[PDB]
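What follows is calculated from the coordinates using simple rules that are stated; it is not laboratory data. FYI the Cβ positions are ideal-geometry reconstructions off the backbone, even for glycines, and counts take in every protein chain you see.
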Amino acid sequence: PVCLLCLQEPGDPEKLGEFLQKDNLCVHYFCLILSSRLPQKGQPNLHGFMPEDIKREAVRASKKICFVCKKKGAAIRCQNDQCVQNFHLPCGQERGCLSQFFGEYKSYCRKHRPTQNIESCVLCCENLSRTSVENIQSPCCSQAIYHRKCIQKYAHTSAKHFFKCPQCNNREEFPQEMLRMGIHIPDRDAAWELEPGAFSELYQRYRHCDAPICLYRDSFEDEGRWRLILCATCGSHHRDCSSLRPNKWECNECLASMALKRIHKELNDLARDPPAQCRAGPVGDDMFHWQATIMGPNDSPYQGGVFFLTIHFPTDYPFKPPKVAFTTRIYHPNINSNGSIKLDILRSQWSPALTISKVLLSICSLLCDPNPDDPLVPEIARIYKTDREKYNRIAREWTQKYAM
Ligand SMILES: [Zn+2]
Ligand SMILES: [Zn+2]
Ligand SMILES: [Zn+2]
Ligand SMILES: [Zn+2]
Ligand SMILES: [Zn+2]
Ligand SMILES: [Zn+2]
Ligand SMILES: [Zn+2]
Ligand SMILES: [Zn+2]
């Protein structure tokens, strides 16, 4: 099981492309796209390359020899009009060759390669190497020095729709400069969006009849007296069970190793400069599961309350956002009864340069400035928008009854 072009093992799909075993063919995605001859004579429904063109490219590749390993089968040809250096994709990667991922998908040797006129990489929280080949500089703000591997990983994880400058959120000059420097910016969706778990936390709604005497839990009829109706006050708590004509109701209560290193650094920074008086730490010996405490911000209906949160970091932190959820119940339009948080920075607008401290600051701001137009709990959003006094009274009552 080796690539038809580079004659190599699949190894790392992030460095050689997804190894595909379709149509009795076995070829790397990067080897496939970066091949100079391949014309894409087919519709996208292998990524638009027919098997026949792949066979022709392999036959033409056997005609040429690699410049690193003197072995036949090389297909990628330095596109300089004068240079005749052909090679194997892994070879070229090892010896310093660069491959572009825009337009013609043209590669270049070490001699002929795009170059920049050129502390630590903020993404990996490590000292940047002295090899200028594996370091890339922003053209835009910071012009920061970044490890090439870190930028790529940010590119693979955060898709084209979300690949941007970690600081100024540049989406025109920064992606173009990265493309010119041989960074693959695939046109997909973000990795945290693609994973099968997705964000089911945010998409669950309360389905439970709380009456001690029910007319029946699992299944509520869509319509009729056997339908579901939710509390207008909290929304956290059948219609014929409610025993009031269909003709509003209120409930009785209402009447890997890089990730670990980054996490240790962020923990120390949080210890040195806490956002809102927040003390945070790992659960047991698991550094990827934290417990945190937030002292309710002054000038909010939550002032004086101490709210506890759970934080789970993904294995590819900070390239994917951490999962953050409230453990203490709170009356807020963007936090549901299970403690899930509808905060944009935990799903979208994520930048690997963001720290848990910034997340906690964003949560404090959300507590003080909710977003009722994108509500997780529509009833609370409606109360917030229509009757601010009632919202503040109930939030204050809940803070006194729970929280503090
Ligand atoms: Zn290959
Ligand atoms: Zn080779
Ligand atoms: Zn060349
Ligand atoms: Zn910038
Ligand atoms: Zn780095
Ligand atoms: Zn797109
Ligand atoms: Zn209620
Ligand atoms: Zn019922």
| query | Taking the Cα-to-Cβ direction at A198 and at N80 and moving 7 Å from each Cα, how far apart do the two end points lie in nm? | reply | 5.0 nm
| note | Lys and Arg at +1, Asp and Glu at -1: neighbours of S357 with Cβ under 13 Å from its Cβ sum to +2
| task | Report ³J(HN,Hα) in whole Hz for each residue of segment 99-107, in order, from the Karplus equation J = 6.51 cos²θ - 1.76 cosθ + 1.60 where θ = phi - 60°; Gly and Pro get x. | result | 10, 7, 10, 9, x, 5, 6, 9, 9
| said: Please list, in order along segment 143-157, the HN-Hα scalar couplings obtained from phi with the Karplus expression 6.51 cos²θ - 1.76 cosθ + 1.60 (θ = phi - 60°), rounded to whole Hz, x for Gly and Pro. | reply: 6, 6, 8, 9, 5, 4, 4, 4, 4, 6, 3, 4, 5, 5, 6
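For n ≥ 4 DSSP H runs only, could you compute -39500 (n - 2.57) per run for the chain, divide by its residues and tell me the 222 nm figure to the nearest 500?
-7500 deg cm²/dmol
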| Separation in nanometres of the label points that stand 7 Å from Cα toward Cβ, at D299 and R180 | 4.5 nm
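Net charge near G296, counting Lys/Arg +1 and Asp/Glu -1 over other residues with Cβ under 15 Å of its Cβ?
Neighbourhood net charge equals +1.
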| task | Calculate one ³J(HN,Hα) per residue across segment 291-302 by plugging θ = phi - 60° into the Karplus curve 6.51 cos²θ - 1.76 cosθ + 1.60, and present them in order as whole Hz with x for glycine and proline. | result | 10, 10, 10, 10, 7, x, x, 5, 6, 10, x, 9
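Can you give the direction-averaged projected area of the convex hull of the alpha-carbon atoms in segment 1-141, in nm²?
10.5 nm²
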| note | Cβ density ranking, 10 Å radius, fewest first, applied to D269, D53 yields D269, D53
| field | Alpha-carbon spread of segment 190-306, three principal axes, descending order, Å | value | 58, 39, 27
| remark: The local net charge around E173, scoring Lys/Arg +1 and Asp/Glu -1 for residues other than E173 whose Cβ lies under 13 Å from its Cβ, equals +1
| Farthest toward the dipole's positive end in the chain, which of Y317, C3, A276, given Cβ charges of +1 (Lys, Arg) and -1 (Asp, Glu) about the Cα centre? | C3
| Using a Förster distance of 56 Å, how high is the FRET efficiency between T131 and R245, based on the Cβ-Cβ distance and rounded to 0.05? | 0.15
| request: For segment 92-250, list log₁₀ I(q)/I(0) at each q in 0.13, 0.14 Å⁻¹, using the Debye formula over Cα point scatterers of equal strength and ignoring solvent, two decimals each. | output: -0.68, -0.74
| task | May I ask you to derive the FRET efficiency for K385 and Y206 from their Cβ-Cβ distance with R0 = 25 Å, giving the value to the nearest 0.05? | result | 0.75
| request: Give, in whole angstrom and from largest to smallest, the semi-axes √(5λ) of the equivalent ellipsoid of segment 319-370, with λ running over the eigenvalues of the Cα gyration tensor. | output: 19, 12, 9
| field | Volume of the Cα convex hull of segment 263-401, divided per residue and given in Å³ | value | 103 Å³
| request: Multiply the residue separation of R37 and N24 by 0.36 nm, subtract the distance between their alpha-carbon atoms, and state the gained length in nm to one decimal. | output: 2.6 nm
| query | Per residue, what volume in Å³ does the Cα convex hull of the chain take up? | reply | 203 Å³
